[PDB]
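**Student:** Chains as they are written, first to last, in the deposited numbering: chain A, 5 to 202; chain H, 7 to 204; chain F, 8 to 204; chain B, 5 to 202.
Built from N, CA and C at the ideal position, the CB exists for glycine as well.
#1: Could you spell out the range, first to last residue, of the alpha helix (DSSP H) harbouring residue 33(F)?
#2: Along chain B, in chain order, which residues have C-beta atoms closer than 9 Å to that of residue 82(H)?
#3: Here's the rule I'm using: 16 or more other beta-carbon atoms within 10 Å means buried, otherwise exposed. How should residue 86(F) be labelled?
#4: Roughly how far, in whole angstroms, is the beta-carbon of residue 138(B) from the beta-carbon of residue 164(B), given that I think they are within contact range, below 8 Å?
#5: Since residue 48(A) and residue 170(A) should fall inside the 8 Å C-beta cutoff, what is the C-beta to C-beta distance between them, to a whole number of angstroms?
#6: Does DSSP classify residue 91(A) as helix, strand or coil?
#7: Relative to the C-alpha of residue 80(A), which candidate in 107(F), 132(F) and 105(F) has its C-alpha closest?
#8: Pick from 71(H), 187(H) and 203(H): whose alpha carbon is nearest that of residue 89(H)?
#9: What residues from the region 63-83 of chain H come within 8 Å of chain F, judged by C-beta to C-beta, listed N to C?
#10: Which same chain residues, not among the five before or five after residue 53(F), have their C-beta less than 7 Å away from its C-beta?
#11: For residue 185(B), decide whether its Cβ has a neighbour in chain A, counting only Cβ atoms nearer than 8 Å.
#12: Please determine, among 6(A), 108(A), 143(A) and 112(A), the residue with the shortest C-alpha to C-alpha distance to residue 166(A).
#13: Taking only beta-carbon positions, decide if residue 162(H) is within less than 8 Å of chain F.
#14: Based on the DSSP output, what are the partners of residue 80(B) in its beta bridges?
#15: Considering only their Cβ atoms, is the gap separating residue 135(B) from residue 4(B) smaller than 8 Å?
#16: Strictly below 9 Å CB to CB, what residues from chain A border residue 126(F)?
#17: So which residues on chain H does residue 204(A) lean against when the C-beta distance must stay under 9 Å?
#18: Taking contact to mean at least 3 C-beta pairs separated by less than 8 Å, is the region 140-155 of chain A in contact with the region 185-197 of chain A?
#19: Can you give me the C-alpha to C-alpha distance between residue 17(F) and residue 112(H), rounded to a whole angstrom?
#20: Helix, strand or coil for residue 20(A), going by three-state DSSP, please let me know.
#21: Could one say the Cβ of residue 111(F) lies closer than 8 Å to chain A's Cβ atoms, at least one of them?
#22: Quick check on this structure: which residue in 56(B), 157(B) and 76(B) has the alpha carbon closest to the alpha carbon of residue 130(A)?
#23: Identify the continuous alpha helix (DSSP H) that holds residue 178(F) and give its terminal residues.
#24: Once the 5 residues before and after residue 186(F) are set aside, which same chain residues still bring their CB inside 8 Å of it?
#25: Among 22(H), 23(H), 9(H) and 28(H), which one has its Cα closest to the Cα of residue 154(H)?
#26: Are the beta-carbon atoms belonging to residue 43(F) and residue 184(F) less than 8 Å from one another?
#27: Residues of chain B with CB closer than 7 Å to the CB of residue 138(A), please, in chain order.
#28: Assign residue 174(F) to buried or exposed, taking buried as 16 or more other Cβ atoms, counted over all protein chains shown, within 10 Å of its Cβ.
#29: If I measure Cβ to Cβ from residue 59(A) and keep anything under 6 Å in the same chain, skipping five residues before and after, which residues do I get?
#30: Let me confirm a value: residue 63(B) is counted as buried when at least 16 other C-beta atoms fall within 10 Å, else exposed. Which label applies?
#31: Find the residues of chain F that neighbour residue 118(A), judging by a C-beta separation of less than 8 Å, and give them in chain order.
#32: Using a Cβ-Cβ cut-off of 7 Å (strictly less than) and excluding sequence neighbours within five positions of residue 92(H), which residues of its own chain qualify?
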C-alpha cells in the first residue's frame with residue numbers, strides 16, 4: 005500500500021464552484037435494515053439533511069436518485085439477476101420512495117435508474133452540464149455500490165466529485181471504508197460534511 | 007445481511023462470449039510506474055485465456071489508457087492520478103504488453119477514464135456482435151477493472167470476472183473489489199473454471 | 008451520393024426488435040404537435056406491432072416526458088416551448104390507444120429527441136441480442152431520425168418503416184427518409200419489411 | 005409547413021457564455037470531391053478559419069472531430085456497412101487528417117469517432133462539461149450528416165447549439181438546406197459567422 009504514494013496516488017482534488025449536490029438512493033428500502041440493509045446507512049441519511057438544507061440555502065443545483073424498475077419487470081436486467089430484490093423497486097412501491105427527511109423540493113431533479121450509477125442511462129450528466137456544475141458533493145447509499153459507481157461516473161463525465169464520508173453509508177462497514185479508500189486514492193475529494201460546507 | 011437481503015445470486019453464463027482485457031499495458035506491467043502487487047501474474051494467466059478465445063472465435067477487445075500529447079484531454083481522473091497524463095499515444099507505457107499483443111480484428115479501445123465503456127464504442131462494438139457474456143481480465147482490480155465490470159453489467163452484458171486474470175498494486179484493494187463484484191456485478195471465477203464452462 | 012458509395016444496402020438480420028417512437032396523444036392530434044401524415048403512420052404501425060407480438064420480437068415504445076415542476080427543462084424545451092407540456096400524467100404525453108403497450112414491452116421515457124439519449128434502450132436491446140431494429144414513430148425529421156442514427160451508432164441495423172414514420176410537413180419527412188436511406192438505414196415499407204423478416 | 009410557428013417550433017435560443025467551438029470532420033477526405041467532399045464544403049472550410057481564429061484569441065474551448073477506423077477494420081460498424089468508404093479513414097491516411105487550413109494547436113481537443121456525431125462514443129461531452137461550456141458554436145461537414153448528428157447531441161448533452169450557417173458544408177445543397185431548417189427549428193440558433201461573433 006506504499007505504492008499509492010510512490011506512484012503518485014491520492015492527489016488533492018481542488019474544489020471549484022458552481023456546486024451541486026447528488027444524493028444517491030437514500031430510499032425507504034435502503035434506510036430500513038429489514039429490506040436492503042443498515043450498517044451506517046441510517047446515520048448517513050440524517051447527517052445528509054444538513055448538507056441538503058445547506059444546498060438549498062446556497063442556491064445549489066440538487067439531484068436525487070431512485071432505483072426504479074417497471075411494474076411488469078420490463079426493464080429487468082443483469083443487475084436485477086445478481087441482486088434479485090432490486091426488481092421490487094417499482095415506481096409506486098413505498099420501498100423505492102425517497103425518505104421523508106430528504107424529500108425533494110422546488111427545481112431539484114429526481115433521476116430514475118435501473119443501474120448502480122446515477123449517470124449511466126440517465127440524463128444526470130447533461131442536467132449538471134446545462135447548469136454548469138463544476139464540483140458535486142455526493143451522498144447516499146450504498147457506499148460500495150451505487151455511490152461509488154455514481155462517483156466514478158461523475159469523475160469521468162467531467163465533474164469534481166466531493167464524497168461526504170459522513171453522508172454515505174453501507175450495510176457493511178468493511179466494504180464502506182475500502183470503497184472510501186479507493187475513491188480517496190483515485191476518484192475525488194473525500195472529507196466529512198462540516199469540512200465540505202466550510 | 008448480504009445473504010439475508012438476497013445478494014450473491016449466481017449469474018448464469020450465456021453464449022456468445024467475448025473477452026475484454028483492460029489496461030494490460032507496460033505502464034501497469036511495470037512496478038516503477040504503475041504496476042506491482044499481483045499484476046504480473048494476472049498478465050501471464052491472461053495469455054492462456056486470450057489463446058482460448060482466439061481458438062474459439064470470440065470477440066476480443068483490449069483497453070488502453072491514452073491521453074493527448076499536449077494534455078488536450080487532461081481530466082479529473084488526471085488530477086487525482088497525475089501520472090495517467092504520462093500515457094501518451096506512442097509512450098511505450100501505453101502500449102499493450104507484447105505477450106498479449108493484439109491480433110486480427112480484435113478491438114483496441116482507447117480510454118481516458120477508468121472504464122472501458124466510458125466515452126468509447128465498446129457497447130456498440132459488442133452489441134453489434136450480440137455478445138451476451140463478457141469475460142474480463144486486466145488491471146487495476148480496484149480501478150479500471152471494477153469500473154469496466156460495473157459498466158458492462160449496466161449496458162446489458164453479463165460480466166465474467168476472471169479472478170486470477172485481474173491484478174492490482176495492493177492485495178487489500180484487490181480482495182475488497184472482487185468481493186463487491188461477486189456480490190453485485192459479476193460471476194467471479196478462475197480462468198480454469200470459466201474457460202471450461204464456457 | 009452514388010459516386011462516393013452512399014446508400015449501400017443494409018442487409019436484414021435477426022433477432023428482430025421494434026421501436027415505436029413518440030406515438031403519443033400530443034403528437035397524433037394536429038392542434039398540439041401532430042399533423043400531416045402522422046395519423047396514417049399510427050394506423051399502419053398497428054399491423055407491424057401485432058406481427059411483432061406474434062413473432063416474439065422485443066418491442067420498445069418511447070415517450071417524451073419532463074418533470075412536473077420543469078426541473079429537467081433543458082435546451083430542447085427552449086427551441087420547442089411546448090415539449091415541457093409533456094408531463095408524466097399529462098394525456099398529451101400518453102401513448103396512443105391504437106398502440107398501447109402490453110406485458111413485456113419497454114416504455115422508454117426521454118426529454119430529448121433520441122430514444123437512446125440518456126436512456127437504457129441500447130442496454131435493453133443488447134441484453135436480448137437484437138441485431139436489427141425496426142422503427143416507427145413521429146416525427147420523421149425529429150425523434151425518429153435522431154433515434155435511427157443512434158441505434159445505428161449503438162451497433163443496431165436500423166430498418167425504417169417509411170410508411171410507419173410520419174411528420175408535420177412532407178418535405179422534411181421526405182428529405183429525412185433520403186438521408187436515412189443514404190447514410191443510416193434500410194428504409195422500406197412495412198409490408199416488405201414484414202416479409203423479409 | 006405553417007405548423008411549425010403554430011405549434012411553437014423555431015423559438016430563439018439565446019447565446020450564453022462561456023463559449024466553445026466544435027469543428028466537425030473538416031478532413032482532407034471531405035474537402036476533396038473525389039472522396040467525400042463537394043458542394044459548399046470548400047467555402048465552409050475557408051469561412052471557418054475566421055471563427056477558429058476568433059475562438060483562439062477569445063479563449064474559447066476548441067474541439068475538432070475526425071472520423072477514424074482501425075487499420076484492420078476491426079471496428080467496422082453499421083455506419084460503414086451503409087457508407088463503406090468510411091472504412092478508409094484510417095488514423096494515418098491523408099484522407100483522415102484535419103485540413104491544413106484548420107490545423108489544430110494548443111489544448112485544442114481532437115476527437116476520433118466512427119459514428120456521425122462527435123458526441124457518440126467519445127469524451128466530447130465530458131470535455132465541455134469540465135470547461136463549463138454553455139453555448140457551443142458548430143461548424144463542419146456534412147450538414148445533413150455528422151453536423152446534424154453532432155448538433156442534436158450537443159443539445160441533448162445540455163449545451164446550447166449554434167450552427168454556423170456559412171461554416172457547415174455539404175455535397176448537395178438540397179440536404180444542406182433541409183437540415184438547416186430542422187436545426188433552426190428544434191435544435192439550434194442558426195446564423196452566419198459575422199452575426200455570430202459580433
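**Tutor:** Well, looking at it:
#1: 32-35
#2: 130 and 134
#3: buried
#4: 6 Å
#5: 7 Å
#6: coil
#7: 132(F)
#8: 71(H)
#9: none
#10: 105 and 106
#11: no
#12: 143(A)
#13: yes
#14: Per DSSP, none; premise fails for residue 80(B).
#15: As shown, chain B starts at 5 and ends at 202. That puts residue 4(B) outside it, with no answer to give.
#16: 125, 126 and 127
#17: Summary: the structure shown does not reach residue 204(A), with chain A confined to residues 5 through 202, and so no result is reported for it.
#18: yes
#19: 23 Å
#20: coil
#21: yes
#22: 157(B)
#23: 177-186
#24: 152
#25: 28(H)
#26: no
#27: 136
#28: buried
#29: 25 and 66
#30: exposed
#31: 127
#32: 99
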